[PDB]
Amino acid sequence: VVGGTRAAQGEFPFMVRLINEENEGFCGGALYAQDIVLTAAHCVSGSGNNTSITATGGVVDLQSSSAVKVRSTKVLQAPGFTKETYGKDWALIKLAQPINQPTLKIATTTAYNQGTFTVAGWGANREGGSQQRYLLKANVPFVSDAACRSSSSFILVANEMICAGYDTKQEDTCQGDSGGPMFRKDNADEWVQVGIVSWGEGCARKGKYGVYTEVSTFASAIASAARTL
Ligand code: NA
């Protein structure tokens, strides 16, 4: 997370750090349920059963004695996600144990798709940099479809993707943050999830933004997939 500060311990406790000893991969995630994690489609390989992935939770410090490590049991990747565009970039992961921490509610409408979103993960703070040890937090403004459209050299898919961050300011999610939730407060003072960190042109680039899977568009399709897991 480029130019972020430190998450206080327990601040966003629905946070997960994901490591896929199968595809050799490091993502973020959120506890949709206490044993189901919401994350990026591209952070995983296929759908089906998978004993391979290790979600760590409860700590903001990836090392503390206290983390809870739990192995995946089965993985559900959005059918129709295309690696070719990171389009429809969402996936669920079931856990073997459940994690007793507080979970993150998801937007089931678009009501909350404006203004300032909070983002977090353990990804790199410099583009090209190492993964972190302590969970970092940062703020990023909503960027319109239009504004984002123009600025991007890859193609941006209307309701599936939503944009956020700054023109020039050194504050953006970065390599290793994928799968972490983009979220913000709702009218009833609760965090709601609007994004999954998906991709961007580099990290915090001049004239470049951050792209996020638009939870609201898939919330339906998601809600329905957990219930089979
Ligand atoms: Na920027």
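Numbering starts at 1 and runs along the chain as displayed.
Cβ coordinates are placed from backbone N, Cα and C, and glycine is handled just like the others.
Per Swiss-Prot, disulfide bond is recorded for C27-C43, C148-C163, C174-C203. Feature annotation from Swiss-Prot assigns active site, charge relay system to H42, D89, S178. Annotation comment: Swiss-Prot describes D172 as site 'Required for specificity'.
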Chain-internal residues, separated by at least six, CB under 8 A from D172 (site 'Required for specificity'): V1, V2, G3, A138, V140, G165, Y166, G200, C203, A204, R205, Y209, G210
For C163 (disulfide bond): intrachain residues, at least 6 apart, with Cβ closer than 8 Å: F142, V143, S144, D145, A147, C148, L156, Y209, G210, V211, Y212
Nearest recorded site to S178 (active site, charge relay system) by CA-CA distance, among recorded positions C27, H42, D89: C27
Conformational class of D89 (active site, charge relay system) under the three-state DSSP mapping: coil
Per DSSP, three-state class assigned to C43 (disulfide bond): helix
Secondary-structure category, per DSSP, in which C148 (disulfide bond) falls: helix
Candidate with the highest Cβ count within 10 Å, taken from the disulfide-bonded residues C148, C203: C203
Largest tally of Cβ atoms lying within 10 Å of a Cβ, found at which of the recorded positions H42, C174: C174
Top Cα neighbour of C174 (disulfide bond) in the set of recorded positions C27, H42, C43, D89: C27
Rounded Cα-Cα span from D89 (active site, charge relay system) to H42 (active site, charge relay system), Å: 7
Rounded distance in angstrom between the Cα atoms of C43 (disulfide bond) and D89 (active site, charge relay system): 9
Length of the line joining the Cα atoms of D89 (active site, charge relay system) and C27 (disulfide bond), in Å: 13
Cβ neighbours of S178 (active site, charge relay system) where a neighbour is any other Cβ within 10 Å: 29
